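**Q** Sharing a structure with you now.
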Amino acid sequence: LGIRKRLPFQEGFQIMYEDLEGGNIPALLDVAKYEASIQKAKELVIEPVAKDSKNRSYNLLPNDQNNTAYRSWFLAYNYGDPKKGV
Numbered sequence: 255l256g257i258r259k260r261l262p263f264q265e266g267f268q269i270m271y272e273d274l275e276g277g278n279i280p281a282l283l284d285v286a287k288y289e290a291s292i293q294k295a296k297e314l315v316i317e318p319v320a321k322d323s324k325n326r327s328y329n330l331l332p333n334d335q336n337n338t339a340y341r342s343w344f345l346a347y348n349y350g351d352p353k354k355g356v
């Protein structure tokens, strides 16, 4: 994959949730409930899309809309507060 460990002589590699702290996936602006507020304000509703097209629930954070409950490793590594995370 490319996910290696620094200090590889310590035993135990484990990428667990609560380790990728600053890497909560953003929440996928709902572009269909928007541009319907610009064609209803010219003749802006910025909202996430907390549901799959097939009713699957994008796990949106309860009190932190605009950030889904999935935590990616590439996030929380790149945009993740170095020196304190992945």
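Under the entry's author numbering, read the sequence shown as residues 255 to 297, 314 to 356, first letter to last. The beta-carbon is built from N, C-alpha and C at its ideal position, and this holds for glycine as well.
Counting only beta-carbon atoms, is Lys287 nearer than 7 Å to chain B?
**A** Here there is only one protein chain, and chain B is not present.
**Q** Can you tell me the Cα-Cα spacing of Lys259 and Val356, whole angstroms?
**A** Rounded to the nearest angstrom, the two C-alpha atoms are 10 Å apart.
**Q** Starting from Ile279 and walking both ways along the beta strand (DSSP E), at which residues does that stretch end?
**A** From DSSP, the beta strand (DSSP E) with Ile279 extends over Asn278 to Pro280.
**Q** Could you tell me which residues DSSP puts in a beta bridge with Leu330?
**A** For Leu330, which the question treats as bridged, DSSP gives the partners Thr338.
**Q** Taking the alpha carbon of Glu317 as the point to measure from, which residue in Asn337, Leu274, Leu345 and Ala346 has its own alpha carbon closest?
**A** Comparing Cα positions, the closest option is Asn337.
**Q** Using 10 angstroms around the beta-carbon of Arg326, count the other beta-carbons present and answer buried if the total reaches 16, otherwise exposed.
**A** With fewer than 16 Cβ atoms within 10 Å of its Cβ, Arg326 is classed as exposed.
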